[PDB]
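Everything below concerns the one structure shown next.
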Amino acid sequence: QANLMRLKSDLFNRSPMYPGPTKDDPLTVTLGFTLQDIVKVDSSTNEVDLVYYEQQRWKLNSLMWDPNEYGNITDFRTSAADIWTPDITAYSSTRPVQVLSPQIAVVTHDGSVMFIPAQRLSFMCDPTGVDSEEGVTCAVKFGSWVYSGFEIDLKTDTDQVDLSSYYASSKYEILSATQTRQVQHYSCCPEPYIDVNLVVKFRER
Amino acid sequence: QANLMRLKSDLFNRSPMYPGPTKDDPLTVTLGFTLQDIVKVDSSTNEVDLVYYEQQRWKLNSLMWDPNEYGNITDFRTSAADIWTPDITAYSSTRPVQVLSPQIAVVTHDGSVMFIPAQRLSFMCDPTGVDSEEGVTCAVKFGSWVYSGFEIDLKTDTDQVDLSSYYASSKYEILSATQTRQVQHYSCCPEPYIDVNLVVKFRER
Amino acid sequence: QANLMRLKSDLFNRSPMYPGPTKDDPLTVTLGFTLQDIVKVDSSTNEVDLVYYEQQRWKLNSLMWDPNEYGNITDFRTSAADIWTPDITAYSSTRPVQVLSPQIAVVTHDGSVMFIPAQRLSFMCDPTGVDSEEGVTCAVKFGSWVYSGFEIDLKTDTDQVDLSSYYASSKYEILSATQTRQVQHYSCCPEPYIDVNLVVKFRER
Amino acid sequence: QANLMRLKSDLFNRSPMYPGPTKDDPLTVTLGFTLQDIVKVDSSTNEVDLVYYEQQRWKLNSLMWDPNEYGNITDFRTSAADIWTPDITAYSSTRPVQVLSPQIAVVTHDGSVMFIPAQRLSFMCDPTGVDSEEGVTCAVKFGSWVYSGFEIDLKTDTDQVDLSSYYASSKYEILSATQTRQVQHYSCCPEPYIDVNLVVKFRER
Amino acid sequence: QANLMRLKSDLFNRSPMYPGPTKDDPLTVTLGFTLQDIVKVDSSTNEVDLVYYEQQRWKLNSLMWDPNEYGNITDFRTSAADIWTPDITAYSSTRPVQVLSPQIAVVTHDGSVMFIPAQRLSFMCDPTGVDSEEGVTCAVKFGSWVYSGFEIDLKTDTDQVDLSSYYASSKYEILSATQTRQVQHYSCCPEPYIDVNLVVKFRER
Ligand SMILES: C[C@@H]1C[C@@H]2[C@H]3Cn4c(cccc4=O)[C@@H](CN2C)[C@H]31
Ligand SMILES: C[C@@H]1C[C@@H]2[C@H]3Cn4c(cccc4=O)[C@@H](CN2C)[C@H]31
Ligand SMILES: C[C@@H]1C[C@@H]2[C@H]3Cn4c(cccc4=O)[C@@H](CN2C)[C@H]31
Ligand SMILES: C[C@@H]1C[C@@H]2[C@H]3Cn4c(cccc4=O)[C@@H](CN2C)[C@H]31
Ligand SMILES: C[C@@H]1C[C@@H]2[C@H]3Cn4c(cccc4=O)[C@@H](CN2C)[C@H]31
Ligand SMILES: *[C@@H]1O[C@H](CO)[C@@H](O)[C@H](O)[C@H]1NC(C)=O
Ligand SMILES: *[C@@H]1O[C@H](CO)[C@@H](O)[C@H](O)[C@H]1NC(C)=O
Ligand SMILES: *[C@@H]1O[C@H](CO)[C@@H](O)[C@H](O)[C@H]1NC(C)=O
């Protein structure tokens with residue numbers, strides 16, 4: 020405990036806080052989804068409700084330490100309030116995201132961070148035809164709200180959404196689920212913004 | 020990071036906070052809407068629910084810096100809590116506005132600020148006739164709750180609401196959408212208050 | 020800005036906070052309502068939902084300044100958290116009040132304050148007969164929860180509720196709307212408590 | 020104001036906070052209910068919703084003062100955050116309690132405190148038969164969640180719930196309403212826990 | 020009170036906060052459930068709502084004291100904010116958990132802690148067949164969100180859920196209710212995570 024207390028104190032009390040990524044020092048965030056449930060479909064508003072875990076990974080030089088100086092500690096858990104976290108946002112939500120998991124991340128000695136918030140999201144999707152064999156397809160993009168591709172880039176480790184925790188007695192069965200990097204351009208703004216597009220194809224069970 | 024950390028520290032730790040606009044030093048806020056979805060209509064309460072992005076722009080001398088003194092930094096992202104933001108409020112809401120995007124703004128070296136909150140709003144609107152060819156028209160005014168025209172003025176860059184991110188499979192298609200500056204007077208209060216009136220004409224798709 | 024920054028600092032950093040009104044130094048609060056909408060009626064729970072602005076006015080010696088010492092500033096806007104505000108409470112609500120406007124007040128050099136929160140309120144009201152010509156009458160009292168008449172008194176400027184921003188396409192039209200000072204006595208407590216009784220008579224449009 | 024400011028400062032800035040009651044220094048809390056409305060009944064979930072005021076009284080030596088030293092002040096109003104309050108909790112709620120009144124208490128020079136929170140509570144109750152002449156009976160216990168009888172005891176001034184503010188046009192009329200001290204024992208825990216059991220018998224009006 | 024004030028001050032003001040469990044200093048948390056009500060079932064979303072108390076127990080060397088040095092005090096109640104608490108999380112919730120009891124724990128002189136939060140939980144469960152003699156079975160896992168088995172292990176005192184406070188007039192009667200330790204492995208992560216699996220079998224009464 021003494022060694023971890025020292026490490027956290029050296030990292031968090033001494034530092035002026037990380038001011039986010041910049042054009043000179045950009046950052047790549049890795050995203051992965053594990054889809055747990057399609058809870059609800061609303062055909063009168065074209066809203067669909069998902070429950071998933073969003074795995075986020077990034078790496079900061081300012082979170083590095085030498086494990087030899089801190090009793091061989093290679094990593095630790097810490098409150099997400101102690102650190103910067105990326106502003107990854109759904110581009111087509113219809114409600115504030117509801118947070119289902121404790122806001123705690125894992126920091127590793129090389130400065131890498133893993134953060135896995137569980138969320139419930141309502142987003143724009145037309146479920147008409149969900150009761151057929153073909154099913155429906157729906158999509159929602161996730162990216163930084165405020166940082167362009169020149170400050171935050173995204174990648175995935177796989178294009179396959181993790182379906183191994185999908186609720187087996189859901190009202191909806193999943194036919195496929197992909198997560199794919201894209202580049203968007205907007206009327207408001209000159210620079211490209213990066214997203215990962217979660218595409219889910221499903222039907223009634 | 021070092022240069023941005025310095026800049027933020029020089030702007031935000033040293034300063035007593037900006038105390039808002041005054042009659043002697045008034046401010047013009049530019050507003051623009053991009054309408055994403057008419058999610059829901061309630062014909063038993065005459066409430067309609069929109070999802071949009073509200074682009075806000077203003078400029079303060081106290082947020083100026085010389086980029087040459089801070090490693091050629093011309094702009095940065097920062098939490099909206101670090102700065103003053105205008106109290107732009109819908110005049111006919113029926114619920115607290117729900118915030119859908121991170122509360123982060125962009126500050127530029129000339130002291131100009133851009134802030135683009137995504138919101139879901141329930142407001143007063145009679146949807147009777149939405150299922151016809153003619154459709155319905157509805158309106159909501161946005162302005163400072165507490166500052167008159169002598170402290171906060173508003174303008175738009177265009178009278179055309181941006182419909183280029185409008186959800187193509189919404190239950191409602193948009194026939195027109197305008198945003199127009201107006202001047203209001205109230206029994207309580209001697210001075211004029213400025214608003215931008217969002218007028219949306221729509222029908223079932 | 021320099022002069023207002025000084026004024027706010029002199030008023031709020033130097034002061035120990037106002038400890039509320041007392042028997043020795045009582046306060047009169049002026050209340051006025053402007054009724055915007057009867058949004059909803061629930062005949063299975065006898066709850067009705069209003070949207071209104073509640074104009075509050077009072078005066079404290081501790082908020083006085085000489086405008087000559089602060090660049091001729093006669094008034095300013097400030098966050099309601101910076102100052103004491105009266106605990107005016109609906110006596111027959113069925114839900115927490117929802118706040119629809121920014122919590123910002125106007126302080127004037129003589130120590131007078133104006134604060135105008137927009138609220139949505141669910142309160143106890145039997146709507147049976149609302150669909151008739153006679154309509155229904157409902158009532159809700161507003162007063163200090165904790166201060167008697169010997170510490171907080173109330174008055175109105177008029178007994179007529181302001182109907183000039185009433186939503187013209189509401190489901191309910193207003194037949195009359197009054198706001199009247201009353202004195203209540205309770206088993207628990209020896210002293211009188213003051214309220215303003217909002218009486219609204221309405222029917223389907 | 021000067022004298023009250025001094026008193027509050029002497030009581031709250033100088034003190035280390037009261038650490039709650041103990042076996043060596045136990046406390047008796049007096050409870051009384053005034054029932055305002057049975058708002059809603061849900062026969063598909065067996066939940067019933069009440070609105071009431073819960074009068075709480077207790078006394079601490081650490082809140083004593085000599086009125087002669089503070090300009091003859093015998094009592095004052097203060098925010099409930101300034102002081103310890105008992106953790107009185109409904110034992111069979113189905114939702115977090117909703118608070119309907121300002122969190123402000125009255126402290127008197129002998130160290131006694133009065134606190135009267137207005138609440139809306141959903142609790143476990145089977146309303147089947149509410150539409151008959153006999154009506155239904157329902158019950159909910161209120162006590163400390165964490166303190167046994169050896170640290171917190173309870174009493175009532177009367178076994179009769181105060182029905183003098185009961186909403187006359189409620190959907191439900193009250194046949195009887197009692198509040199009675201009881202002693203409970205639990206598998207988890209060796210000591211007795213005290214409650215006041217609110218028993219309400221009611222039917223459709 | 021003097022003695023307890025000293026103890027709390029010595030434990031909480033002097034200490035740098037416990038930084039959670041580690042591989043070098045792991046922790047075992049004991050969990051037990053007492054099921055109070057199955058409130059609601061939603062067959063269109065496959066969500067079920069429970070109300071229960073979750074008894075949590077663990078032990079830290081840094082919370083030890085010698086009762087002889089503090090007036091023979093063997094234990095005390097304190098706010099949960101004063102101490103570390105395990106991040107025990109439902110793995111298949113569909114909404115944020117609603118907290119129904121005060122966030123206060125009991126600390127004992129040997130460093131052991133007891134914490135018993137009452138919760139309402141919506142979780143993934145197919146109620147189809149609940150209206151039959153056989154009923155339905157549903158399950159939800161509870162464990163650390165972020166700590167593996169090498170930092171947080173779990174155990175139960177019994178595999179039998181405590182049904183002695185189960186609401187006798189619930190819509191649903193309980194046929195069986197068990198709580199059983201398990202070990203999970205996830206695609207994201209190399210180490211095992213421990214849970215207690217709450218299995219409830221029930222039907223309409
Ligand atoms: C219309 C664009 C979509 C969304 C908006 C928010 N936004 C942007 C740039 C800078 C700051 C900012 O808040 C753009 C990119 N964002 C992902 C716009
Ligand atoms: C009834 C008026 C509309 C709305 C209200 C709130 N308000 C005002 C002035 C100063 C402070 C203030 O809170 C007025 C202007 N506002 C836009 C009134
Ligand atoms: C039953 C009374 C109604 C309401 C309650 C709250 N209250 C009071 C006195 C002191 C403090 C206080 O909280 C009384 C006056 N208030 C307006 C009681
Ligand atoms: C199952 C029991 C009912 C409730 C629970 C919470 N509780 C207790 C003791 C100490 C701390 C504590 O949180 C007991 C008494 N409480 C009123 C248990
Ligand atoms: C998909 C896994 C389930 C859940 C998630 C959250 N989580 C984990 C490890 C480290 C940090 C973290 O936040 C894993 C274990 N947890 C119980 C994943
Ligand atoms: C800033 O601008 C000049 C001119 O382009 C450049 O050569 C210089 O190296 C820059 N300074 C820093 C610290 O990046
Ligand atoms: C306070 O005490 C008594 C109360 O009757 C009174 O005679 C005296 O005038 C009061 N004095 C002050 C300074 O308040
Ligand atoms: C504590 O216990 C001892 C006996 O074990 C006793 O002598 C002492 O008086 C006790 N503490 C008190 C009275 O505070």
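Chains as they are written, first to last, in the authors' numbering: chain D, 20 to 224; chain C, 20 to 224; chain B, 20 to 224; chain A, 20 to 224; chain E, 20 to 224.
Cβ atoms here follow ideal geometry from the backbone N, Cα and C, with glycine treated the same way.
#1: Look up D:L69 in the DSSP assignment and give the residues it is bridged to.
#2: With a threshold of 9 Å between beta carbons, is D:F95 in contact with chain E?
#3: Using only the alpha-carbon positions, how far apart do D:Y166 and C:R96 sit?
#4: So what does DSSP say about E:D176, is it helix, strand or coil?
#5: Quick check: is any heavy atom of ligand 4 less than 8 Å from the C-beta of E:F134?
#6: Ligand 3 heavy atoms versus the CB of A:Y71: any closer than 8 Å?
#7: List the endpoints of the continuous alpha helix (DSSP H) containing E:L30.
#8: Could you tell me the boundaries of the beta strand (DSSP E) in which A:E210 lies?
#9: Anything in chain E within Cβ reach of D:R139, meaning under 9 Å, just list it in chain order.
#10: Give the straight-line distance between the Cα atoms of A:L26 and A:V48, rounded to the nearest whole angstrom.
#11: Anything with a beta carbon under 7 Å from a heavy atom of ligand 8 counts; list them all in chain order.
#12: Assign D:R224 to one of two classes, buried (16 or more other C-beta atoms within 10 Å of its C-beta) or exposed (fewer than that).
#13: Any beta carbon from chain A within less than 9 Å of B:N91's own beta carbon?
#14: May I have the straight-line CA-CA distance separating B:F52 from C:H204, to the nearest angstrom?
#15: A:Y191 touches chain E at which residues, Cβ-Cβ below 8 Å?
#16: Could you tell me the distance, in whole angstroms, from the CA atom of E:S131 to the CA atom of E:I92?
#17: Taking 8 Å as the line, does the beta carbon of B:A99 fall inside it for any heavy atom of ligand 3?
#18: Drop a sphere of 10 angstroms on the beta-carbon of C:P209, count the other beta-carbons inside from all chains shown, and report buried for 16 or more, exposed for fewer.
#19: Using a threshold of 8 Å, is the CB atom of A:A196 nearer than that to any non-hydrogen atom of ligand 3?
#20: Return the residues of the segment 190–215 of chain B that lie within a Cβ-Cβ distance of less than 8 Å from chain C, sorted by chain order.
#21: Run the CB neighbour count on C:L194, radius 10 Å, all protein chains shown included, and call it buried at 16 or more, exposed below.
#22: For the pair the segment 133–145 of chain E and the segment 64–82 of chain E, tell me if three or more CB-CB distances fall below 8 Å.
#23: Closer than 8 Å to a non-hydrogen atom of ligand 1 - does that hold for the CB of E:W103?
#24: May I ask you to verify whether the segment 157–165 of chain A touches the segment 104–114 of chain A, counting CB pairs closer than 8 Å and requiring at least 3?
#25: Under 9 Å, Cβ to Cβ, is there at least one residue of chain B near A:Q55?
#26: Can you find a C-beta in chain B that's less than 9 Å from the C-beta of C:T41?
#27: Could you tell me whether any Cβ in chain D is nearer than 9 Å to the Cβ of E:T108?
#28: Could you compute how far the alpha carbon of A:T156 sits from the alpha carbon of A:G148?
#29: Hey, A:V126 and A:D94: beta-carbon distance below 9 Å or not?
#30: 9 Å is my cut-off, CB to CB: does D:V159 come that close to chain E?
#31: Determine, using beta-carbon pairs with one atom in the segment 24–44 of chain B and one in the segment 20–37 of chain A, whether at least three such pairs fall under 8 Å.
#32: Identify, in the order they occur along the chain, each residue of the same chain with its Cβ nearer than 6 Å to the Cβ of E:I135, setting aside the five sequence neighbours on each side.
#33: Determine the contact status of D:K174 and D:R200, defining contact as a CB-CB distance below 9 Å.
#34: For B:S188, does the count of other Cβ atoms within 10 angstroms reach 16, so buried, or fall short, so exposed?
#35: What does DSSP give as the partner residues of B:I92 in its beta bridges?
#36: For a contact meaning CB atoms closer than 8 Å, what does D:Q20 contact in chain E?
Straight from the coordinates:
#1: D:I57, D:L140
#2: yes
#3: 8 Å
#4: coil
#5: yes
#6: no
#7: 21–31
#8: 208–223
#9: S112, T113, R114, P115
#10: 25 Å
#11: E:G90, E:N91
#12: exposed
#13: no
#14: 17 Å
#15: None at all; the shortest Cβ gap to chain E is about 18 Å.
#16: 14 Å
#17: no
#18: exposed
#19: no
#20: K190
#21: exposed
#22: yes
#23: no
#24: yes
#25: yes
#26: yes
#27: yes
#28: 10 Å
#29: yes
#30: no
#31: yes
#32: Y72, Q74
#33: yes
#34: exposed
#35: For B:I92, which the question treats as bridged, DSSP gives no partner whatsoever.
#36: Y37, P38, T41, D44, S81
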